[PDB]
Amino acid sequence: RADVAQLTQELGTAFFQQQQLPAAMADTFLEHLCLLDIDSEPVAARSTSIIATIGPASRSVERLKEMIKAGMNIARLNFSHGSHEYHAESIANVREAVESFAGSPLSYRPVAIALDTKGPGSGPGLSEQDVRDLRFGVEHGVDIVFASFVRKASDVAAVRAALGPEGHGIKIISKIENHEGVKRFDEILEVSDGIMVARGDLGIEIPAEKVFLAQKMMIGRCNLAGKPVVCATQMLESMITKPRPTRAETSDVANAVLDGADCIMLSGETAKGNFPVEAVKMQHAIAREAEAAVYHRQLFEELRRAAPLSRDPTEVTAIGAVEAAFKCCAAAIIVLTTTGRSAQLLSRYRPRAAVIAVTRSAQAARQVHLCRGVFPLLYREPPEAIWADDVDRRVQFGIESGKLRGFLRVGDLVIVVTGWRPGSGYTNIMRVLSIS
Amino acid sequence: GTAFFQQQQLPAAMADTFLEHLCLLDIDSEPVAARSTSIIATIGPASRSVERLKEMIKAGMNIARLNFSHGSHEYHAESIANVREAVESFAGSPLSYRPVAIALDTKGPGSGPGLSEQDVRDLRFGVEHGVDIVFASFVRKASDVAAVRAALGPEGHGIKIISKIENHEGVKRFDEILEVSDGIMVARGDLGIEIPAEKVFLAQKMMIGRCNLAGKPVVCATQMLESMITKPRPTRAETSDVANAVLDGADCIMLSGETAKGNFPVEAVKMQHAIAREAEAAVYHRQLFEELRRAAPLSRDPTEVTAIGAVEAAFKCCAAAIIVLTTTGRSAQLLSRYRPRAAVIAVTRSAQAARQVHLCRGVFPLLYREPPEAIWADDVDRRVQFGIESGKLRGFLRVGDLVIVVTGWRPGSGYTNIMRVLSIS
Amino acid sequence: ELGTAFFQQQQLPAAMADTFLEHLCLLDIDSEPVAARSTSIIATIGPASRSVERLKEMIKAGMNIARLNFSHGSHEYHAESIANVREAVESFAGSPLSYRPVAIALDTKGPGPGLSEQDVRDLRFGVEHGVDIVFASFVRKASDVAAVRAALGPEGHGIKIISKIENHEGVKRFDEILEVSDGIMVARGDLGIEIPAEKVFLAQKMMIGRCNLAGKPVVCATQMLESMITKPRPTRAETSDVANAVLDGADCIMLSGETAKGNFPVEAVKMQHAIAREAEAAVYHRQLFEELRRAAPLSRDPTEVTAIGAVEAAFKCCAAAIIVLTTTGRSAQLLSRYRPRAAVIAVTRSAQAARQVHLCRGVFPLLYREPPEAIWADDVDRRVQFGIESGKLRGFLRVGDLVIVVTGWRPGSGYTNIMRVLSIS
Amino acid sequence: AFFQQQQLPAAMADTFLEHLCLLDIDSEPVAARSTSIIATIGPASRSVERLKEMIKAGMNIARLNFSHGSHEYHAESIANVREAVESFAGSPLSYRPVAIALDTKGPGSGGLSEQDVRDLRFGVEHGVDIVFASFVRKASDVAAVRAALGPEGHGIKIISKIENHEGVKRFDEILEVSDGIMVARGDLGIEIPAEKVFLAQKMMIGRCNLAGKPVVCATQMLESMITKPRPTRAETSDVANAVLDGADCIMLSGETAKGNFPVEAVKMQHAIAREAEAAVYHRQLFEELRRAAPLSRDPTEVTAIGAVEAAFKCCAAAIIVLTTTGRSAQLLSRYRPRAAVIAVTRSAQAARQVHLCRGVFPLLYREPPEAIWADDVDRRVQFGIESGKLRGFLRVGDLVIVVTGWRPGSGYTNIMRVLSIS
Ligand SMILES: O=S(=O)(NCc1ccc(Cc2ccc(O)c(O)c2)cc1)c1ccc(O)c(O)c1
Ligand SMILES: O=S(=O)(NCc1ccc(Cc2ccc(O)c(O)c2)cc1)c1ccc(O)c(O)c1
Ligand SMILES: O=P(O)(O)OC[C@H]1O[C@](O)(COP(=O)(O)O)[C@@H](O)[C@@H]1O
Ligand SMILES: O=P(O)(O)OC[C@H]1O[C@](O)(COP(=O)(O)O)[C@@H](O)[C@@H]1O
Ligand SMILES: O=P(O)(O)OC[C@H]1O[C@](O)(COP(=O)(O)O)[C@@H](O)[C@@H]1O
Ligand SMILES: O=P(O)(O)OC[C@H]1O[C@](O)(COP(=O)(O)O)[C@@H](O)[C@@H]1O
Ligand SMILES: O=C([O-])C(=O)[O-]
Ligand SMILES: O=C([O-])C(=O)[O-]
Ligand SMILES: O=C([O-])C(=O)[O-]
Ligand SMILES: O=C([O-])C(=O)[O-]
Ligand SMILES: [K+]
Ligand SMILES: [K+]
Ligand SMILES: [K+]
Ligand SMILES: [K+]
Ligand SMILES: [Mg+2]
Ligand SMILES: [Mg+2]
Ligand SMILES: [Mg+2]
Ligand SMILES: [Mg+2]
């Protein structure tokens, strides 16, 4: 109690009852479980991103606006169904719904567009249809590709090649859907930007009772690697027809978050279901509760010991900033990023503080939704003559956006992470600031 | 051998951290140990057939639940009889006979405050018909448990009371309820309506953890494999749910509509068996045992002291089983609370105790039917040999295996105090 | 059941701490030691401690092992010392429940490349005179231990070889030396000349830790209470040194000139006794036993499995003692390696084993001289009660206390497999 | 080759038992000696030429025992020490500051004695940096010493000597009002049983480490070196164990004040401390210090833990911190980093007083303030790099953590930077 006594007198006894704080202060995992309280409300913003599959039930511009308000971060286009003309209309409807909020840049929410490929099917390499669908994604500016049935590192190289020179910035999330993919996992993850645990096909290729081992191992290996991991298929399946999910479904969503999944997905739930906005609201509600129940004491310590020593200033500054954020119960970590890399390196250490990422890249702002706990802000202002002043304006943009969105209150402490010179890869500074 | 250390997630359990443990989980690592989490199957039209109950017993059913919300007393007496007929059809081979507990799930107080009039009549029925367990519905305070204990009368003293926590008051008064109950049931169906649906997993995880700490059984209930009522295979969320209830530390898992009225009752039991076996191998025993050890308070009870010594000994030699003689099941329960990887093979002459130990994870009851030998230590050895022969026949033991034998210094319950290291010959 | 006063003594609040930093902060100088002194005291016999009457005073002060330095004195001189020690020890053998055995150790002169001619003659002398231990000087490699082992003629294979690590070669070849030795001695005198004086503490701490991991005795030797040769009280560095050797994990502590030629031989023994008692209470058993537990490999030896089960059981009930029946001292040694807080009362019929177990920390030997009983189980029982009766008489046990009893299933060495939880009546 | 030195295999161990087993006598210490050495000044160590040798041997703090000698005697000692220290001021990149500490006579049979009030006023008039207040029994005793220093003796550090049973029992109230503690084992070994002193030492060191306040281990550390050129096996063990316990400072009383080998006793304490610091199990030490330290909303406190964590991640050669009062360097020190805390200060008093904190290497900056504050900071950081390069702490290619503030004055430390040397 001596390690909380002073901050208890300062922040109050009511602060330390919320967001499962008594449970996270526990010395053991058994004590942590015993200290979980249903009356302990989550205060932090929802960090696990929600991928919603776009279909007939969620294609209208007006419906898409409701899903954005409900918590949709990434829009998935399943290229197994629909024509190129159909998917181009979906992309346009999504962009129209997202840009309807651009009038207020302090409260604008970027939404990523992901292309889920049909797959190789009976074939060995990349199918002819996949090459055409990938060329479509490049021409239409998709941010992510969920490459279906990845079975080796050569499969991911084929997808990167089909994207061409212009599709270099697109993120490749390899869907592990069969036994070969599970066995060659380490070689696949090495060449991928992240992974997707495609439980539907995986539950047919391997025994249904073994899928949870594959999900847990893949999530843990992705967490170790610092790369995003998506949990997919049948998460809230009953919500396709019913307004409330089963006890197994709510348990499943919460357990995917507890395992360490960066993203959670809705397939039929939002693409063809009667309750698409309600499925997004439900995933948001469960994720918020599950994230508070994460045992950060052992999680951070294990992530820290497992991570190898590094001489990269971005990597060093990231662990220093996350450690600083935990020490003062920082409301947020504000980071300036160009490619999203600095925000990704903060994210891998799983801080309780929100990683508010300020970027000028619209693509990077959409793609950082793949990383848990990263809240992107798109800076639209033109560059100042003095670089040091341009940096200060972006930091103030992050504070004003964070104050307006409820992340920051006056009196709160924030960690600011910046670089010494412009251009990607020079992040090396950490500042402790008091919100005034 | 090298082959032994690749099975039952042994590389994953040897890991120094939980993150390393997760990364070392192998889908090609097959489970070796017997399924420890017991399966409760609700009895209804789909599962009352004597021939069907035999198939469910073979599939892995350990406890038969009678839902007193549906049916008359005449209906439930026919269920009890059909279950007993199916269970006793295997009594001809005592080395492979599997005891099955009968549990009475009460209707509940509903609008009322105390124990309803129907519940008092249903509880008296349970006593008259020899039920082993009671799942008392909508327990809100310790006085509710006392009312159930009182309705059971003097003859229902041996019956176990598992308090169903189905509402917010029960979740808040949990500590006082668990103190007076024999165990708990996380009744997720009503709980998911009384409290926000998105908070039920916190209540499940807290209750399971508190029960694990207390050394009392905890059942995870409702909608575990719901789609198996109509479909031959479950959803990805359903298999995940079953596995996560086992990983959380649930002693029992339950089937309601999946076995009461569904099209796949035997298939539902086989599925819960298959998932539990996988999930139990994936349990991180290194931290689990260490935390259970540290958390458990000091004790001057020889049964309690012998239990921790035996579990520690079982871990040191990778014991295939811990064979314990128990009259009331208590010795077996105290071994179980430390979550050993070794099976707790419990030999008992009490048919009621043999049925009731299914509530404790990892306890495999054996009913000894032979009459007592004149020389006590000879009778004790015959029981230990019965446990070895049963374990050999059922696949738990092989020649060359090491086994921990837990016994007492004199006849009668409460005198366990000895732990022996034995080599299977 | 024990009281608030029990939990304030023997640094019990400090041992319950969750961290080592918290453990240090909870050390109380007002917390008095209750347990008996476990770290054994080796006293060098010389002109200052050779008389039968002086030896009786040193036995009463706490001397467990008598060291004969073969660097000084003739074979006739050392034979008279052996006879005087045996006469002083047997003067108390009329009251067998309270009789204390004392080991005799021969410290060799030293090598030259191989075993010297004088060492071969001195080792033959040790065998002919029934010495229990040999402190082999300047061991540099495993071949040196084999030469001493070979020199312990045909009769002396039972003698324990404690390898003195006195130079850089011994420190580097440590693993191969410890593998073939019965234990080690950190001979700091010569080691402080062969290697930089400021590096000796690293060698001491590494060697003690490796011996603790191996389960073999480790002696801390030279200049522990050097000022007590001339002065009646030691320096602040000397008391700190003795306490830190105990805290590091040393099984034995030694007095060279302090006892052999000094002015205060009985006072140096009393001082080492006083400091060791304090230091043992301050040991952080929570992390010590958990690390010893994890570091020790899995074993399929019933003696090794029973030992960890018994120490775990002893800790759970705060057992006053662990009574182990041993013939070679092995079972007591395996209990000792897990560093229990309970005294290991070892009952043996071997006078040599009774003397040699003083090398193991926390082992209190009892030589049992009684005529054997016709029924082996009754003979087992008489020795267990002999251990309790002696324990009661010496202050280790009271009626109501809990004890752990380790025995085997059949007579003869190497069959230890039972652990019983007994209440002292 | 880097990973075989400074007990790096032993520090990477998953358990403390494995850590002990991995200690290598052939693993040489590379880092600079962090535990500061206090040397008592007497007849054997009073000459200006003798003092210069002790400064070169490793003396960081000079103790004046006011139990022996007159005010005129001690003023001559102060002057001789200052003359010996300032003889090296010609090269500011290699100049070593030396603190002057006044050890009071004590209350004896008696509150604060009349002689102590006179000796404390002497210390103020002569600019002493530290006071070792003898026989502190309660918090009111510390308040009496603070009062006897007056309005001129505000910046003086008070190290309370715990020498009796009452002081050990009232420890928490004494430490709360003191700047640090001294485990005065000589009198403590007479007031309490000799066999219980190690419990008091270990508890006090641990409580000081938890509090983030300096702790000195004192008396009979190398006692045999008063007459002999080499210490006993118990003495080398004792010095090493005081460092291993977590003592910020180690002391030499008769060993330097009246002993035949004063320079040799300083060299011996330096040699043992260097070895003992490498053998510190940082894995569990840092983790326990981190968990035990309470949450803080002070940016200096938050930046300190962030910087130490960053230093461990890259195996930083040093942490360079810009400090006015020594507080920022003290907060880095409490987390026991393996990287040297190179503290750049303009205060000469602060530079002398940071020797009380383990691992802090003070540098006195003697250049005038620049017009642009941004450039004045960069010059002090470069002074720290050049001093560190010259003194062997840094090489080109090494990584350093730089800790600065956002605005001048004390208490505004809030920035951490990862820098690559040259
Ligand atoms: O040993 S266990 O199986 N699991 C322990 C554990 C430890 C750390 C974390 C946080 C975490 C979460 C995800 C991670 O990938 C990761 O590195 C750390 C979770 C669980 C266990 C289960 C139930 C109990 O009651 C109990 O005492 C022990
Ligand atoms: O129980 S023990 O005495 N504690 C070990 C321990 C652990 C960490 C540190 C470093 C440390 C960490 C944090 C501190 O605050 C601090 O003062 C020191 C030192 C000692 C022990 C355990 C296992 C053994 O094999 C053994 O010989 C002894
Ligand atoms: O995350 P990335 O891709 O490394 O971008 C972080 C970059 O942001 C900065 O803080 C400023 O970026 P820009 O000037 O390019 O907009 C750099 O110092 C740093 O290199
Ligand atoms: O677990 P319980 O019910 O306490 O039963 C343990 C008891 O069983 C025994 O092992 C065997 O005794 P019985 O011969 O009465 O069955 C007793 O020695 C011990 O007291
Ligand atoms: O410690 P040791 O040398 O292995 O001997 C222990 C032996 O002592 C016993 O407990 C009793 O046997 P004895 O009667 O022959 O002494 C054995 O059963 C056990 O094997
Ligand atoms: O150690 P202290 O007393 O807190 O002072 C640290 C100070 O060092 C600085 O980095 C530089 O200080 P000055 O400019 O006053 O010399 C400040 O920003 C900070 O306030
Ligand atoms: O493609 C998918 O999402 C799957 O197979 O689960
Ligand atoms: O009775 C039950 O199992 C429920 O309500 O969930
Ligand atoms: O012989 C010894 O013990 C020594 O040299 O230290
Ligand atoms: O004054 C002191 O330092 C002592 O007595 O040890
Ligand atoms: K698809
Ligand atoms: K019911
Ligand atoms: K000798
Ligand atoms: K003095
Ligand atoms: Mg698929
Ligand atoms: Mg209900
Ligand atoms: Mg020698
Ligand atoms: Mg004094």
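Description of the structure in this document. The scheme used for residues numbers each chain from 1 in its written sequence order. That scheme is not guaranteed to match the entry numbering, and residues without coordinates are omitted from view. Each chain is given a letter, starting from A, and each ligand a number, starting from 1, according to the order in which they appear as written. The side-chain figures draw on all heavy atoms in the structure; neither hydrogens nor water molecules are used.

Description of the overall build of chain A
Secondary structure elements follow DSSP: runs of H or I of four or more residues count as helices, runs of E of two or more count as strands, with numbering from the N terminus. When helices and strands are tallied, chain A shows 19 helices and 13 strands. In this setup the radius of gyration rests on C-alpha atoms only. A globule is expected at 2.2 Å times the number of residues raised to 0.38. In terms of overall size, chain A behaves like a compact globule, its C-alpha atoms giving a radius of gyration of 21 Å where 436 residues would be expected to give roughly 22 Å. Counting only C-alpha atoms and orienting by the principal axes, one finds that chain A spans roughly 65 × 55 × 45 Å. Within chain A, the fraction of its 436 residues that count as buried is 61%. What makes two residues a contact is simply this: any of their non-hydrogen atoms within 4.5 Å. If you take every contact in chain A between residues at least 6 apart in sequence, the share linking residues at least 24 apart comes to 66%. Only protein chains enter the accessibility calculation, which uses a 1.4 Å probe. A residue is then buried if its area is under 20% of the maximum for its type, exposed if over 50%, and partly exposed in between.

Details of the sheet that holds strand β4 (residues 130-133) of chain D
Residues and elements named next belong to chain D. For two strands to be treated as a pair, DSSP must find no fewer than two bridges joining them. The strand order around the closed barrel formed by eight strands is β1-β2-β3-β4-β5-β6-β7-β8, and the pairing between neighbours is parallel. Each adjacent strand pair in this sheet contributes to an overall mean axis angle of 25 degrees, direction not counted. Note: strand β5 (residues 157-162) against strand β6 (residues 180-184), four bridges, orientation parallel. Bridge pairing in β6 links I159 to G180. Convention adopted: a line fitted to C-alpha atoms gives each axis, helices being fitted over their contacting stretch, and angles between N-to-C directions are expressed from 0 to 180 degrees.

Considerations on the interface of chain B and chain A
Taken together, the contact pairs 56 residues of chain B with 56 residues of chain A. Buried surface at the junction of chain B and chain A, both sides included, amounts to about 4900 Å², of which 62% is carbon and sulfur. Defined in terms of a 1.4 Å probe, buried area is the accessible area two parts forfeit on being brought together, summed over both. Interface area lost by chain B to chain A is led by B:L19, B:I27 and B:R236, which between them contribute 16%. When a carboxyl oxygen of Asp or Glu is within 4 Å of a side-chain nitrogen of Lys or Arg, the pair counts as a salt bridge. For the interface between chain B and chain A, the tally reads eight salt bridges. Between B:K172 and A:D37 there is a salt bridge, with its nearest N and O atoms 2.7 Å apart. By the criterion applied in these results, polar contacts are pairs of N or O atoms within 3.5 Å in which, for protein atoms, one can donate a hydrogen and the other can accept it, and in which residues neighboring in sequence qualify only through two side-chain atoms. Inspection of the chain B/chain A interface yields 27 residue pairs in polar contact. Mapped onto the side of chain B that touches chain A, the elements with two or more residues apiece are α2 (18-23), α7 (168-172), α9 (188-194), α10 (200-214), α11 (236-248), α13 (265-281) and α14 (285-295) of chain B. Side-chain classes follow a simple rule in which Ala, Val, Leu, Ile, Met, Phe, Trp, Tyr, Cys and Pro form the nonpolar group, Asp, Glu, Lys and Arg form the charged group, and the remainder, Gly included, forms the polar group. Considered class by class, the residues forming the side of chain B that touches chain A number 25 nonpolar, 15 polar and 16 charged.

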